[PDB]
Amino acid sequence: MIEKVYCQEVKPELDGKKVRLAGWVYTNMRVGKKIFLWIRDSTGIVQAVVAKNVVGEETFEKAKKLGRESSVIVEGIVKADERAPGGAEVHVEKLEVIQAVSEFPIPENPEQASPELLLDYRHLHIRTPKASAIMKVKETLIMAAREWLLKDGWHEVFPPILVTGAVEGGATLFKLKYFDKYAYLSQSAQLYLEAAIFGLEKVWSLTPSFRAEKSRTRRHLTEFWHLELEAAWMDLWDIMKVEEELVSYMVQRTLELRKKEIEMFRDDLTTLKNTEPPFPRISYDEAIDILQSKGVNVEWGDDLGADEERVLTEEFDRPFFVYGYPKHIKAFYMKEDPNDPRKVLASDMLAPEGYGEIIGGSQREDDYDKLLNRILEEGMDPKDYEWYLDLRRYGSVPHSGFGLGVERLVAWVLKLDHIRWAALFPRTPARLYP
């Protein structure tokens, strides 16, 4: 390959050097007698100056016709100039038009289009600066997670997607024909991580999880990226510490690296700066009391939906935990609170600013009889979970874990109006394409 110079590399210190840009036309404007093409690539935008008396009439005329997203190779000499973007521009010697474009269907400012148009053209939308910014933030949060997980001694595993068990209820299961059998798409890798702790003790996975959720909210996708941890020996309080340490490191690392991207989306970084341990912790009992005190008609035992969480966040300026939920609005696998068996040892981590739940986790039931009984009480067939029950027969240990919704976290970090914008190609009940 003939090497390119990235836009971010075009700096005043390269004054007088030859560079080869490769990218796409961002804007095309005649300035005096010259054509100024701003060329975008993955790293920034550079001003390329095209002079008729330098490139000749043929190239000059071609340059006039280059609309947004025209693919081009540009060779020229860098000139330091305090007036140009980045304090340096390229004086064009040669212009190769790969493909001229005049009708790119995403507007120059995407937010002047209907969100439905942007989704119809999601494959084109993702190359635009804000959409690309979201993907850079996403990769950085995940890289940060992997740094923390490696340093803290967790093992990465690669759990199954095709499964036969519901982890998070039958209502959100996708079912498919699988040769002579039927399979489900995994809602969560948790049950498999629980098997894996017996060999590896501290495990984690990042997998797509699948939820056939009919409700079309701004916090639900039908497919999302799910970062999940499970650890032998740890109780609920232990796993909550892991959660706050991990989330804080993810947020602080992304603040350090992606400030520019975050500032495209936020006027106020306060809640992100505030994201360091210890996070505030309230019981579900306290949550009910707070909600009732603000006039919300909620009763002990009621589910905390998105609206309840939203009101609860008003009292917090960083992520916070709610723990000790009523047993019967919580998953079959969660351990009872031994001090109060009406509750389970579960906690959710809620993001502030109205965002609500980003992590759900718990200590797991480690007693065989108790777990079997919960399976039966929930109308589940123990046959489908015999392997999971085996984990309580062959050297059971106390253990706990959690799942973080990556898109949910990105949506809070960037104050997105909908979780769909944090997925590369979002999936919702009416959206499968592109």
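Position 1 is the first residue in the sequence shown; the rest follow in order.
**Student:** Comparing 280 to 288 with 244 to 252, which stretch shows the greater average C-alpha B-factor in the deposited entry?
**Tutor:** Higher mean C-alpha B-factor: 280 to 288.
**Student:** Which has higher Cα B-factors on average according to the PDB entry: 21 to 29 or 7 to 15?
**Tutor:** On average, C-alpha B-factors are higher across 7 to 15.
**Student:** Would you mind finding, among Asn339, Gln363, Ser205, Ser186, the residue with the largest C-alpha temperature factor in the entry?
**Tutor:** Checking the PDB record, the top C-alpha B-factor among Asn339, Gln363, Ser205, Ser186 is at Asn339.
**Student:** Would you mind finding, among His125, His155, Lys177, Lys136, the residue with the largest C-alpha temperature factor in the entry?
**Tutor:** Out of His125, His155, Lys177, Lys136, the record gives the largest C-alpha B-factor to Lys177.
**Student:** Comparing against every modelled residue in the chain, figure out the third that the C-alpha B-factor of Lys52 lands in (lowest, middle or highest).
**Tutor:** According to the entry, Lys52 has a C-alpha B-factor in the chain's middle third.
**Student:** Would you mind ranking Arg216 by its C-alpha B-factor against the rest of the chain and naming the third, lowest, middle or highest?
**Tutor:** As the PDB entry reports it, the C-alpha B-factor of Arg216 lands in the highest third of its chain.
**Student:** By its CA B factor, does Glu168 count among the lowest, middle or highest third of the modelled residues in the chain?
**Tutor:** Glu168: CA B-factor falls in the middle third of its chain.
**Student:** Please place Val397 in the lowest, middle or highest third of its chain according to the CA B-factor in the PDB entry.
**Tutor:** Lowest third, going by the recorded CA B-factors of the chain.
**Student:** Once the chain's modelled residues are ordered by C-alpha B factor and cut into thirds, is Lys34 in the lowest, middle or highest one?
**Tutor:** Its C-alpha B-factor, which the entry lists for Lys34, ranks in the middle third among residues of this chain.
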